[PDB]
There are 2 protein chains.
Amino acid sequence: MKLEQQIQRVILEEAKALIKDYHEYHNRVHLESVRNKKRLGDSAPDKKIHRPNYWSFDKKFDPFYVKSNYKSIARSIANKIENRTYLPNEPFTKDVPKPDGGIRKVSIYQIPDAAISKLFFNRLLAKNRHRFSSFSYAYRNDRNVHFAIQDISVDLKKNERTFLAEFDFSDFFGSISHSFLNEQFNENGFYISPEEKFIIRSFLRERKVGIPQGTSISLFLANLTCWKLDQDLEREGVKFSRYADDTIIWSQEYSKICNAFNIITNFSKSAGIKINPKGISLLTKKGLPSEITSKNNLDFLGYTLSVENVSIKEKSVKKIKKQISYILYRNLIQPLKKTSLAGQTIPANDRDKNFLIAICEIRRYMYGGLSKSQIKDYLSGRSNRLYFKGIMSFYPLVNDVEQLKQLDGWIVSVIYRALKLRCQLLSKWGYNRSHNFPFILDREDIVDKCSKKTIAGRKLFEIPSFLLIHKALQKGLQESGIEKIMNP
Amino acid sequence: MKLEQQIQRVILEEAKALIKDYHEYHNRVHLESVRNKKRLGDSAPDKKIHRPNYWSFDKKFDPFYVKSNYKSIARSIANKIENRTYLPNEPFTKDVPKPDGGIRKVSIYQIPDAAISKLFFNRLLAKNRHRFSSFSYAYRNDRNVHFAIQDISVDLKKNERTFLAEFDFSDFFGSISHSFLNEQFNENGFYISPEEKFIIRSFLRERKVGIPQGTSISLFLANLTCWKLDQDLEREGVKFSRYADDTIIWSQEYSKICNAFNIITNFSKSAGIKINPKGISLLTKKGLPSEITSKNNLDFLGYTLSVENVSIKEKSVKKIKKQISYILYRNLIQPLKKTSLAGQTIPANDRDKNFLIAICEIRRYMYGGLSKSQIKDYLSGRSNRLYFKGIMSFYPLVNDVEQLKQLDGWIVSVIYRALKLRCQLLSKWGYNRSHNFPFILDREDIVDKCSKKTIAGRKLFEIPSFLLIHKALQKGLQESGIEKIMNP
RNA sequence: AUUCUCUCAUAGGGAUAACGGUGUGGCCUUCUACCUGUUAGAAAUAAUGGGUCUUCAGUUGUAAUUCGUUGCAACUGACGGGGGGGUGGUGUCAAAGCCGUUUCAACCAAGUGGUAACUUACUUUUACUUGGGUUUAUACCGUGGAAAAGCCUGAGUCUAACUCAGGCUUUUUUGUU
RNA sequence: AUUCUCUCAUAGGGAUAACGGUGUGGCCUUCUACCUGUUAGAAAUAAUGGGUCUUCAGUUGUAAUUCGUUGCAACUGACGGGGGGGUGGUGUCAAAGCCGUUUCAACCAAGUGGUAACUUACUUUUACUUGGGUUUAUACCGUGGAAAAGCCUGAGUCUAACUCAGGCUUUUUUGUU
């Protein structure tokens, strides 16, 4: 297995995956444009298939070109690696505003360079896995971050008073002396072959200072740089998790968190670059007071973790409500707020097709398309497996039944109100349909009536409920674990 | 995928693997009996193919029978699990003397019971991995124990003064209250489904107190039982590793290790059972003195780990010397110490076939059959891969060049002496062969002369050297990691 | 050309129109309680078309119990928010409260100084689609072929005007279907 | 029978001799520096049969250098234990030492009170074999078939002795080869 063959394999697979993604993109756009023509009638806009802009910045960004000449590309890359002259091209970078007001520098390396990064740094991470800390993650969408969440959640329950502290490592990775990184190469038992060291130094040479964030090589260089910080924090007895440019350190003692603050400062001085807290607080059982500045809720990604429950962050709930509300608006209000209703099917005969489309869209967003019969078959024992998709697949550790119950109420209320305004607009256009099924149900009757309706023998009107799929999530986490439900 | 199909799959694979092992056993016995006939002439004994004795204690121990009726076996097992009446049969247990004077209770569950144990407890371990400690192992032959060794080794180098302590958990697992285990079932974020809880309780019910050791279910129940001991020790800042019924806890502080002793005692009291040290010492750079009782070497499995190097334990070096010495004795001395030399080829014509057989046996035991040309091809860059087998595959973390150099000298000296006694015995029989190649070389000439000799164009007389394959092992650890060399 | 093939190959050459995918339905097969017409049939069932619950907690009875708990009834306790404006009881010495009655509100909004819009969208990542595989129809990205229309340039007769040649843009059918 | 197939199946029924593997060599193909006969051949190489090194550290010169370091020479520094008995120099006021010279020792043994044995072996596990896959020969575990020998039991003539039937043990060839 020569290096050229490995490069050819990896580059071909990366380009093939990107080509499959583009194909599915334009196919999806066409299907959506068919449905949008049906929805918005003549007013419906026309399809506009885009191509990722960076594809034109360089030809090796474009997956199709790379697939065209991946053998030559890999041939030259292999020669460059063997002659120790390889240097990755410039990543197409785009700095993006962050909610704190900073900039998250997105970096897209060209397909050959990203293929090399995966091929080498995945091997390095696999071979040095036991040398790294437990909860170190590179992306904030990393599925395995949920394990860290679990840990903190468990502690926040068992420890009824936990001192926490949060930190931002953005400037560390933006400007970390490459000398420090190169010093760490032969410490802590790391196994980095000479060629792997050359590739590391080459990706660092294409850069000048800092580690490229949100990339294949991010996790390795981050763990390699932060190995001593992890070791000191582990000796202090503090528990910690780094995700992307954030770090959370929790303990049952105040002295420990203060000593961790000192450790982080000393490691920053050793690095020649500073780490700044977002900073320090105490989480306690709700109702119980606190001595230091305290907060009874911690925002960990899309989770609010408290000593009592794990819930969905308020921003995540607002986003879920935004998506459901826009589904109902797009399907039941927007088409009827257009200048003309030419080619827009009007609800009649006790059938509103737009309402079926909206309910199914909400079910896909929430359940993934599961029926309440399927979820109950899984919850009873009839079914030995349920596919977990939709929004709740991203919040598998939620255990706040009240939040889900409130969202159920909100879904029903918004369905009623949107249907009511749809009736109002329809009557404005000239169609009186208040007596028809979609518009006659009271809010306290929508769920029952919809549960009873059946089209094609399948109950496709049942209003999706968060609590049912939450029960299913709990059973599936007691049966498979986080990893299985997050990815099947 | 129904439970019966899963059970059939696992039982069939277990039985099939055991049948493959037996087939290879008797085939090896035949090949060895051919070679032994050629070696010991008429005095060579006759073949005696055995069958594992426990196969006759019950018919479900025998792989052939289990393969005969694995469908009915799995059918009944699945019904028993679904009706919550399944109880594993009695393991064929055999207490064995331990070097400390204790008894290691070997337990072999019947093939269906062991297949169920794997099927369920491997799933449990996979789904609760991140809830367990890093260096927790069930068997002392577990390959991954080497990672824990790496950790301690690294610390013992970086920390030039390390307080260590060792403990024996044998009585803990021999008698642990099953109530304590059952209490831990719903703590620490563990995910144990009701059926997995039933299987755990069933294997515990077949037992009365204690966890069956050296079994598929050992690691899960041990980690589930010791999870609070691990959490307490991790909060104390002590690092630790449990392997089978042993635990090593190390720190850079004396207070920490004493507090760990207190933690272990408290956990013992909570368990209703005592954990006793083998106990406490300081490892320091050689030459430097110590306050407390100190030792500059720690025996971790077949390793002696010191602040300066990782070496092979003295018992392991004795075992290696025993194997090499017996190879030379069996091939070059034993045949000639028989009553008659009927059918035993006598060295002549400057060719001793027995010496070729012995050198090749030593090469297999040491290198795995590698030629020095192959190892140097790998060490130069010519070859991109070398298979790592033989004795040194079990000691991949050795970095003591002096020990290997001394073993090289010992190999050459023993070869010279065994060949000399072979010449003496041959002359006693009537064959004068001191002038011939095998018996004319001085000890300072054996390696060179043998290196030059070639049969079939391949240098099969070269005296195997530990230092060459040690260099190869270091390169393969910097190129692949522990896991890759340990198992290809 | 995103196909196929050559160059000591992160770039350049050629040769052919194909390659790569998407929704629906079909078979295969993974797992799926009960009651039912009506088709076959001798009560063994299968495809079909209609319907019901299916979860969690406690109490009690019962059986096992290695003293963690476990199977079965069978009774109730939850199992679809919040807010604004009016309005009845409560429920107190007033009043918080909290029971219910009607209207308003597509969401953010239980809020902004104000409240609309938006899904190929905003974004620290807010990210994914209906167990696995394969073929009748409707398709899709690019490329190729054909036609039509418009514009520009050049040439011949030449006042006009007509004809031809080249280039550019747009729109339609197909070989993958 | 360890093969194939049936029983509401951790157990029982049947039907056939096969099933499951091992060493060697062959092709396929994964990676492999240099110099060479002698076979083909027009110097392009291929199968073959002989040979050499291939690692690490420092110094110095040189080129790059984001100031971690990196490519290339080219010089030396290691790159095959220990012990017992004699014996020479050193190397000191003696002496430890430590240079080398010869003998003894299969290992443990640089030790036990003593020193032999052992590999289907001892054992806390001291545990594995030659990159992946497949077919000419030599085989293997079990099972089946055939023959021979020995022993026991029963029956017929019966003093003996002979014949037949049944059971048990052992050893040899084969269908997988």
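Throughout, protein chains are lettered first and strands after them, A, B, ... in sequence-line order, and every chain is numbered starting at 1.
- Qualifying side chain to side chain donor-acceptor pair (under 3.5 Å) partners for A/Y25, counting only residues two or more places apart in sequence or in other chains: A/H50.
- From the 5' end on, the contacts that RNA chain C makes with chain A at under 4.0 Å to a non-hydrogen atom open and close at C/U2 to C/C141.
- A Watson-Crick or G-U wobble pair joins C/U90 and C/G97, with the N1-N3 or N1-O2 distance and the second distance both under 3.5 Å.
- With its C1'-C2'-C3'-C4' torsion above zero, C/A149 shows a north sugar pucker.
- Judged by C1'-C2'-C3'-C4', the furanose ring of D/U143 adopts a north pucker.
- Under the 3.5 Å cutoff applied to both distances, C/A155 and C/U163 qualify as a Watson-Crick or G-U wobble pair.
- In this structure, B/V34 reaches neither bases nor backbone, as no heavy-atom distance under 4.0 Å exists between it and the strands shown.
- Residue pairs meeting the salt bridge (charged side-chain N to carboxylate O under 4.0 Å, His left out) criterion with at least one member in residues 316-330 of chain B, sequence neighbours excluded, are B/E314-B/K318.
- Under the side chain to side chain donor-acceptor pair (under 3.5 Å) criterion, A/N27 pairs with no residue, sequence neighbours left out.
- Mapping A/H23 and B/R205 onto RNA chain C by nearest heavy atom places A/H23 at the nucleotide closer to the 5' end.
- Residues satisfying the side-chain contact (heavy atoms from CB on, under 4.5 Å) criterion with B/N89, sequence neighbours excluded, are B/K60, B/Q110, B/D113.
- For A/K389, the side chain to side chain donor-acceptor pair (under 3.5 Å) test picks out no residue, with sequence neighbours left out.
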